[PDB]
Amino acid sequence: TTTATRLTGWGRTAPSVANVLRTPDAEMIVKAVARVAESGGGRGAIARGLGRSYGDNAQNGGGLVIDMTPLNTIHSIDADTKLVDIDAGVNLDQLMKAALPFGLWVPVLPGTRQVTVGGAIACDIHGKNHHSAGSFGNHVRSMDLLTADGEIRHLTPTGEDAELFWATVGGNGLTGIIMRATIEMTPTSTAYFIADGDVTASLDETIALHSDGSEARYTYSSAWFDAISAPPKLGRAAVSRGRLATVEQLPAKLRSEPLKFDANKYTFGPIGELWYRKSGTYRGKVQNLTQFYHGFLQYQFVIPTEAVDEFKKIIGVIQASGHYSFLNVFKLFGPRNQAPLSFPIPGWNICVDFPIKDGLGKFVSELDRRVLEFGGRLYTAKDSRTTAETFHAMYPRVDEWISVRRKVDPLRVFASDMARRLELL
C-alpha cells in the first residue's frame, strides 16, 4: 500500500526516506493511522499536502507520510451561507476557481495557490490581506480531525473542543489528520482588484508609509523590498495596496463577466530611478489576481510593531552581511489569533531569499538570535534549520500547545522531522 519515497520540502534540502501512502480512500487512511497506533507509536505518521513548505514539517524519516492530495472533493458551496465544505486535499487554486461563480472569494490567499486546505490550516497561512482578514485559521468554521485513537473529531473554533481546534491551526499536522473542513468565504461581486501603487526611496519612507494611517484604507497590502543597496537606498520599496473591485467600478469591457478568471544602460542611473518611480506610482488601477499578485535559503520573520528601531537594525545587519537577497516581500501584519503556534503577530514581516554560501548558516543563526531578542519569530513553513531552544523562546505558548498535544496523542502516533528537530514531539 505504501511506497518508500525520498521527500524534501520545497527548498530541496534535509531529505529523508519515508513510506508514502497515497490513496483517495478515507477508510484506508483511518486504517493506516490505526496501523501506526497499535505498534506503540513507532516513528509515527505525518500528513503531507502539495509539499510547498520549504522546511521539514511534511516529512517523517523512517516513518509513514500520508499524501492527502487524492482526497480532493469539493462537497458543497453555498452562496447564501458563504460556506464551502471541502476535503483537506483540495488546493486553493481549485477552490478559488470553483467558488468564483458563486460570488465567493478565498478569504486568505498565500503567494502560491498550489497549497492544500490541510496545509493552509496546519501552517495557519497568511496573505496580502492579513492586517484586514487575519490568517487562514480565522475563517475555518469547522474541521474533521483524524486523531491518534483512530477516531474522527469534529472541531469548531468555539464551544467544546475549541482548544484542540486552535492547537490544530498552526499545529503542523501534529494533532492528527485534517480530513475535511468548512471554510467561510468572503463575498465578492468581481474577480478584480482596484489597486494603488507607491514607490518609496528609503527604509525610513517605507516604514513611514506603513504608519501614516493609510494602511486602513486598504484590505490588501504588500511591498517588494530593497535589501541589497547600502543606505539610504536600503529598504526602498514598490508598495502595492488595494481592495476587491465592485462591478460598478469595472470598465464596460469587463462588466458583463465580472467574476471570470484567466536591464539597459539606463536601468541603474537617474532616468531609471525616474522610470521606476513613475511606473510604480498609480491610483485606481483595475487588476485581476495575476496582475495584482505577480541553492537558496528562504527566511521569514516578523518583528512586533512597536519594535520599529529594532526592525530597522535587523535590515541593516542584513545588507551589510555580504549575503544578497534580491527577492524580498514586506508587509505589516495585523492582530494575531488565538492559536498557540500561529506565526503571524502584529508587526513588521519580511521574507528573504539568500543564495546558499559560505558563512550563511552561521549568519542566519545570528539572525535568529536578533529576531528572538527583538520579540519576533520565524515561520515554520520556511524553516528547516533553527534550534528547538530558539523556537521555544520565540513561541512562549509552546508548552501550552505541547500540553494539548500530549492529551490528544500520548503515544506520539503523529510525528515528523520538524517535530523531532524542534522538540514538539
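By rigid core we mean the largest C-alpha set that fits within 1.5 Å across both forms. Note that residue numbering begins at 1 and tracks the sequence as displayed.
Across the superposed structures in 4 other deposited structures of this protein, aligned by the core, the stretch whose Cα atoms lie more distant on average is 278 to 286, chosen from 212 to 220 and 278 to 286. Once the rigid core is used to overlay the structures in 4 other deposited structures of this protein, the stretch among 130 to 138 and 151 to 159 whose CA atoms lie farther from this form is 151 to 159.
Across the other compared structures of the same protein with both neighbouring residues present, residue 165 carries coordinates in every case, with no third of them leaving it out. For residue 268, the fraction of other compared entries lacking coordinates, among those that model flanking residues, reaches at least a third. Deposited sequence between residue 262 and residue 263: 10 or more residues lack coordinates.
The modelled chain is continuous from residue 233 to residue 234, since every residue of the deposited sequence in that stretch has coordinates. When the two stretches 132 to 140 and 205 to 213 are set side by side, the higher mean Cα temperature factor goes to 205 to 213. Two stretches are in play, 372 to 380 and 37 to 45, and the higher mean C-alpha B-factor belongs to 37 to 45. Ranking 87, 78, 149, 310 by Cα temperature factor from the entry places 149 first.
Between the residues 219, 291, 342, 91, it is 291 that shows the highest Cα B-factor in the PDB record. Placement of the Cα temperature factor of residue 117 within the chain: lowest third of the modelled residues, per the deposited record.
The entry lists a Cα temperature factor for residue 125 that places it in the lowest third of the chain's modelled residues.
In this PDB entry, residue 184 carries a Cα temperature factor that places it within the lowest third of its chain's modelled residues.
Residue-level temperature factors show residue 108 in the lowest third of its chain, judged at the C-alpha atom. The deposited CA B-factor of residue 276 belongs to the highest third of values across its chain.
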